[PDB]
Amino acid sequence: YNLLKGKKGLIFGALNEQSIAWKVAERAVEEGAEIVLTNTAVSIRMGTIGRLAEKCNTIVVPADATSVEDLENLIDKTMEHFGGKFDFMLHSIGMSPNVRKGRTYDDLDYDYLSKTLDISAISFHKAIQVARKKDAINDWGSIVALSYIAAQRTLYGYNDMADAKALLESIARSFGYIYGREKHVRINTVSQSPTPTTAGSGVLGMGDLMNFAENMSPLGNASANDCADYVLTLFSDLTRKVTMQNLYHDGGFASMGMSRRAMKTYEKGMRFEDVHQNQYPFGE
């Protein structure tokens, strides 16, 4: 569509070809954008962002998004790369040392929790505050962070990441009010389906949680590729009046109370009794 022709952007969090940020990167460049990539020194070494950088004809700047100093260096190197200001920024970063080290929500380590909140939420505030201090972002620019419905409605096992996502979504509102009134920069969260990614694979019983979400979601779970398509609309000029929103991209999960497929009495091929026609939507 050439949706982002002439646009420049900074993308965090592309680890491997499964990463939501990897798909956003590829699609942004396919749609005419120029991008800069960033990840931690460890993720650069252990994943395949080098191949993405090659495909997108750009550079990878190492940064820890919890380090104001690293973020300052990143914005300088990004603005140097572009020869000035850029239009869009994707925060696609999440990690809990509690989840990683198998600490349960009722037995948290509070030093771990501090890192969960810093990596998964405060990093967004740190990126925006540094970018804004350096005036890195053009008027009518677009900032997105990826979030999850555990921020609003509890999911068994999701642990301290649920609370981190509630904090992340609040920062989008808090900083969105400031950046919008000044420079018409919109800031939104995209609340994505459970998705098969490195960070996703660390969620307790993720395969079973994904099946639950699939059964609840009338359109089924959104893929990482689907998410990239949606994020492209938020980077495009067509969403210039959308700000401070938490935007569910989940095939309807957020709006569902009880699907037929989620019921324990349901088996595939049972007749749907809530409709007069198409009573076998998943076949006989």
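For every residue, the number given is its place in the sequence shown, counted from 1.
For the segment pair 59 to 67 and 215 to 223, the entry gives 59 to 67 the higher mean B-factor, averaged over Cα atoms.
Relative to one another, 106 to 114 and 189 to 197 have unequal mean CA B-factors, and 106 to 114 is the one with the higher figure.
When the C-alpha B-factors of 154, 159, 78, 170 are ranked from the entry, the top spot goes to 78. Ranked by C-alpha B-factor against the other modelled residues of its chain, residue 125 falls in the middle third. Residue 270: CA B factor in the highest third of modelled residues in this chain (values from the PDB entry). Ranked within its chain, residue 10 lands in the middle third, by CA B factor from the PDB record. Per the PDB record, residue ranking by Cα B-factor puts residue 25 in the middle third of the chain. Sorting the modelled residues of the chain by their CA temperature factor places residue 44 in the middle third.
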